[PDB]
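*Asks:* Here it is, the structure in full.
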Amino acid sequence: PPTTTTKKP
Ligand SMILES: *[C@H]1O[C@H](CO)[C@H](O)[C@H](O)[C@H]1NC(C)=O
Ligand SMILES: *[C@H]1O[C@H](CO)[C@H](O)[C@H](O)[C@H]1NC(C)=O
Ligand SMILES: *[C@H]1O[C@H](CO)[C@H](O)[C@H](O)[C@H]1NC(C)=O
Ligand SMILES: *[C@H]1O[C@H](CO)[C@H](O)[C@H](O)[C@H]1NC(C)=O
């Protein structure tokens, strides 16, 4: 399913 990525600090 639609996954999401996190923005690196
Ligand atoms: C969400 O994470 C999955 C993990 O395999 C995929 O990398 C997918 O391309 C990601 N979706 C987006 C929009 O970056
Ligand atoms: C990607 O972002 C979505 C936004 O709702 C969620 O926070 C999800 O948990 C995130 N995925 C990761 C691996 O942090
Ligand atoms: C998560 O990382 C992916 C990797 O290309 C994309 O840069 C995406 O825009 C990122 N998501 C957020 C919320 O920064
Ligand atoms: C986005 O933040 C999450 C929160 O733990 C993870 O560290 C993930 O590895 C980060 N993504 C990037 C591209 O640094």
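Residues are referred to by chain and number: the chain letter is A, B, ... according to the order shown in the structure tokens, the number counts from 1 in that chain, and ligands are numbered separately from 1 in the order shown.
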Please check which protein, DNA or RNA residues sit within 9 Å of ligand 3, counting only C-alpha atoms and all ligand atoms, and write them as a PyMOL selection string.
*Replies:* chain A and resi 4-8
*Asks:* Export, as a PDB file, in the first residue's frame, the selected residues with N, CA and C atoms.
*Replies:*
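The resulting file, result.pdb, is shown below:
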ATOM      1  N   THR A   4       5.174   5.907   2.902  1.00  0.00           N
ATOM      2  CA  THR A   4       5.632   7.279   3.091  1.00  0.00           C
ATOM      3  C   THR A   4       7.063   7.298   3.620  1.00  0.00           C
ATOM      4  N   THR A   5       7.851   8.256   3.145  1.00  0.00           N
ATOM      5  CA  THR A   5       9.239   8.375   3.578  1.00  0.00           C
ATOM      6  C   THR A   5       9.397   9.529   4.563  1.00  0.00           C
ATOM      7  N   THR A   6      10.393   9.423   5.435  1.00  0.00           N
ATOM      8  CA  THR A   6      10.642  10.464   6.426  1.00  0.00           C
ATOM      9  C   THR A   6      11.797  11.358   5.986  1.00  0.00           C
ATOM     10  N   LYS A   7      11.684  12.650   6.277  1.00  0.00           N
ATOM     11  CA  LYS A   7      12.725  13.600   5.906  1.00  0.00           C
ATOM     12  C   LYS A   7      13.874  13.556   6.909  1.00  0.00           C
ATOM     13  N   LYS A   8      15.085  13.345   6.404  1.00  0.00           N
ATOM     14  CA  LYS A   8      16.260  13.283   7.265  1.00  0.00           C
ATOM     15  C   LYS A   8      16.484  14.619   7.966  1.00  0.00           C
TER      16      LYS A   8
END
*Asks:* So the first atom is CA of residue 3 (chain A) and the second is atom 7 (O, counted along the ligand's line) of ligand 2; what is the distance between them in Å, to one decimal place?
*Replies:*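 Straight-line distance from CA of residue 3 (chain A) to atom 7 (O, counted along the ligand's line) of ligand 2 works out to 9.1 Å.
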*Asks:* Between atom 4 (C, counted along the ligand's line) of ligand 4 and CA of residue 2 (chain A), what distance in Å does the model show, to one decimal?
*Replies:*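 That distance, rounded to one decimal, is 17.4 Å.
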*Asks:* Suppose you want the space between atom 7 (O, counted along the ligand's line) of ligand 1 and CA of residue 9 (chain A); what is it in Å?
*Replies:* 18.3 Å
